[PDB]
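Remarks on the structure that follows.
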Amino acid sequence: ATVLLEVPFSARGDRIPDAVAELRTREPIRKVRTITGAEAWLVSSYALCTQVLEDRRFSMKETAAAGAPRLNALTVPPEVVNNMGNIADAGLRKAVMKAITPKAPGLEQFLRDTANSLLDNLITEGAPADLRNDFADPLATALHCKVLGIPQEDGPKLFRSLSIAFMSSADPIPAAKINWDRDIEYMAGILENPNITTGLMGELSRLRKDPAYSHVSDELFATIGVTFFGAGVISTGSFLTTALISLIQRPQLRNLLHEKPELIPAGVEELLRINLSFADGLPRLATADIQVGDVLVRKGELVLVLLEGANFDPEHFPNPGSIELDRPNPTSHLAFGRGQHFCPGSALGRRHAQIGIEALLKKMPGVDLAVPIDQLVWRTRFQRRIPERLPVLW
Ligand code: HEM
Ligand SMILES: O=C1CN(CCCn2ccnc2)CCN1Cc1ccc(Cl)cc1
């Protein structure tokens, strides 16, 4: 006898388990057990993943309901699971979305200058360099301090909450509440701080005092700061880290992108498609009985949308494990989700990665791992797959 198949399958972000393609072929919606002991439906084909993400009867916010089967423990107050919904309801969606585009004057120049300064410091110090802790993550943190309008010197302390905040735990995490409450207090002070006039926090600070927003709660304004910082920093630093591994392991591609940097955007789109940064499927709770493939999902059941299941599906992306810069459907991957909850930071995340890669390849065209790939240490029970350190030479 064997137990019910457990998720997640592997915390390694450098290879996809052969198991995923076997599941997709045999049982593209299959029962699994999560780390909490709950049962869930794991969806692993492009067609069924799209179906789930485009049907709002598979609800994000209802995953926070008391008593529901859970992927993992909440790390925020349950209303924050409906974060973008709350933003929309407050009339703040357009403003938030405008503040987080990479098109603000000087932002791309700031990103480039920051990337180049980080790389120059690594070059001065000498190999080996850690491209996660001393490049990708500080570039993410600096970008988000700029986007938010908060001091660069406050980035590191906000960043250090994230190794706990984005845990994927069976049980509530006491440190997550301590850091959440602290980071909320910080953002509440930022809204009252007259020096903060630019970026997302500067714009929220002004809307807070405008009559059209007089009944929006101060808790929501502070929450938007904490959540956008954390979500953006963890996602962009983690994606860039694991994309650099995929690039370094493909010297022919590295050389092509170094020689023809106009191909970087197509390259980043393929790196997005093959990315294994999300450690778990995206959770949804059924609010009705819904047919998904051969399974009738019942009301109140948990469904997990496996992004790599979709993005490595050969029926949608032929030769899925190969980076091909001339696919006819290049942006049709699910790396930023799909439907109601499609990532509002998608443009910023593309630009962060494009600029970080462009700068790396110009400064370190010989970049290579400085340890055998199997020696990377993959963070466990976390919402992202990331190596603890990424040692390189050049
Ligand atoms: C390469 C970088 C990123 C990746 C791969 C990524 C991926 C995703 C995915 C897959 C979703 C959908 C989640 C779901 O449907 O359950 C999503 C939603 C979200 N992303 Fe990102 N993201 C990135 C960058 C960012 C940035 C830079 C921000 C903010 C500054 C951000 C903020 C959010 C928010 C707030 C949502 C929820 C949207 C809603 O619920 O309507 N992300 N992202
Ligand atoms: O606002 C969101 C959106 N998330 C979408 C999936 C993760 N993600 C992050 C970036 N791109 C995708 C889910 C959770 N929350 C609430 C939340 C955000 C940030 C913190 Cl620090 C605490 C809670």
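Since every read-out is calculated from the coordinates, none of them should be taken as a lab result. Please note: Cβ atoms are built from the backbone with ideal geometry, for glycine as well, and neighbour counts cover all protein chains shown.
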Take the conditions in contact with a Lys or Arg (Cβ under 6 Å, 6 or more places away or on another chain) and not in a loop (DSSP other than H, G, I, E, B) and apply them to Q340. Does it pass? yes
Qualifying residue in the range 341-352 (condition: within 16 Å of ligand 2 (Cβ to nearest atom), in contact with a strand residue (DSSP E or B) (Cβ under 9 Å, 6 or more places away or on another chain), under 22 Å from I248 (Cα atoms) and not hydrophobic (A, V, I, L, M, F, W, C)): no
Among the candidates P330, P314, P320, single out the residue that is loosely packed, with under 14 Cβ neighbours inside 10 Å and more than 14 Å from ligand 2 (Cβ to nearest atom). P314
Give the number of residues within the range 139-163 that are of a type in the set (S, T, N, Q), closer than 26 Å to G106 by Cβ and within 14 Å of ligand 2 (Cβ to nearest atom). 1
Selection status of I184, among the β-branched types (V, I, T), in contact with a helix residue (DSSP H, G or I) (Cβ under 8 Å, 6 or more places away or on another chain) and part of a helix (DSSP H, G or I): yes
With the condition being polar (S, T, N, Q) and within 16 Å of ligand 2 (Cβ to nearest atom), I'd like the helices (runs of 4 or more DSSP H) fully within the range 214-305 carrying at least 3 qualifying residues. 218-248
What do you reckon, is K103 surrounded by fewer than 19 Cβ atoms within 10 Å (Cβ to Cβ), more than 14 Å from ligand 2 (Cβ to nearest atom), under 19 Å from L207 (Cα atoms) and among the charged types (D, E, K, R)? no
Of all residues in the range 134-181, how many are within 19 Å of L71 (Cβ to Cβ) and in contact with a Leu (Cβ under 8 Å, 6 or more places away or on another chain)? 2
Listed by first then second residue, the pairs whose first member lies in the range 75-102 and is on the phi < 0 side of the Ramachandran plot and basic (K, R), whose partner is assigned to a loop (DSSP other than H, G, I, E, B) and surrounded by 14 or more Cβ atoms within 10 Å (Cβ to Cβ), with beta carbons under 9 Å and at least 6 positions apart or on separate chains, are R93/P344; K98/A104
Considering residues that are closer than 15 Å to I87 by Cα and away from ligand 2 (no atom under 16 Å from the Cβ), the number found within the range 188-213 is 6
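Looking only at the range 350-367, which residues are basic (K, R) and surrounded by fewer than 16 Cβ atoms within 10 Å (Cβ to Cβ)?
Going through the range 350-367, the residues basic (K, R) turn out to be 350-351, 362-363.
If the condition is that a residue be basic (K, R) and surrounded by fewer than 16 Cβ atoms within 10 Å (Cβ to Cβ), then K362 is the only one that fits.
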Looking only at the range 164-186, and only at residues there that are aromatic (F, W, Y) and farther than 21 Å from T34 by Cα, the one that is farthest from ligand 2 (Cβ to nearest atom): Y186
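Given the options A347, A286, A335, name the one that is over 24 Å from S10 (Cα atoms) and crowded, with 20+ Cβ neighbours inside 10 Å.
On inspection, the qualifying residue turns out to be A286.
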Only one of (1) crowded, with 20+ Cβ neighbours inside 10 Å; (2) in a loop (DSSP other than H, G, I, E, B); (3) of a type in the set (S, T, N, Q) fails for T114. Which number is that? (2)
Residue satisfying all of: in the range 23-43; closer than 17 Å to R284 by Cβ and part of a loop (DSSP other than H, G, I, E, B); nearest to the chain's Cα centre (by Cα) among these: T34
